[PDB]
Structure formats: C-alpha cells, structure tokens
C-alpha cells in the first residue's frame, strides 16, 4: 500500500525521512499507534508522520 504526503516533514534523526507534498510513499510498516509509518519513497526509507499523509 502507499500514502501520499500532503504536508512537509523535515527528518529529525537518522531513522526519519523528510517528505514533501505530493510524495508517494510505499508503506513497509503501517502506523502502530505511535503516529509514525515506516516506508520508502524512491528508495529513501525511514519513518515519517502518518498524519502528514493520506
């Protein structure tokens, strides 16, 4: 499955990825209640905030 970024996020840690509006992000591990999804966009992989996407 995938998510589309609707807000920008700037990573704050080596395990996070920056996303920009319009990014299509493939979900690897969905949100487990933490507010973070683990996924990949054009091979960039890491955690990003679920609520910044749809």
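Residue numbers count along the first chain shown, from 1.
Asker: Compare the C-alpha B factor of residue 2 with those of the other modelled residues in its chain, then answer lowest, middle or highest third.
Answerer: Highest third - that is where residue 2 ends up once the chain's C-alpha B-factors are sorted.
Asker: Could you place residue 19 in the lowest, middle or highest third of its chain by Cα temperature factor, using the values in the record?
Answerer: Answer is lowest: the recorded C-alpha B-factor places it there.
Asker: Please place residue 25 in the lowest, middle or highest third of its chain by C-alpha B factor as given in the entry.
Answerer: It falls in the bottom third of the chain.
Asker: Is residue 43 in the lowest, middle or highest third of its chain when residues are ranked by C-alpha B-factor?
Answerer: Its C-alpha B-factor, which the entry lists for residue 43, ranks in the highest third among residues of this chain.
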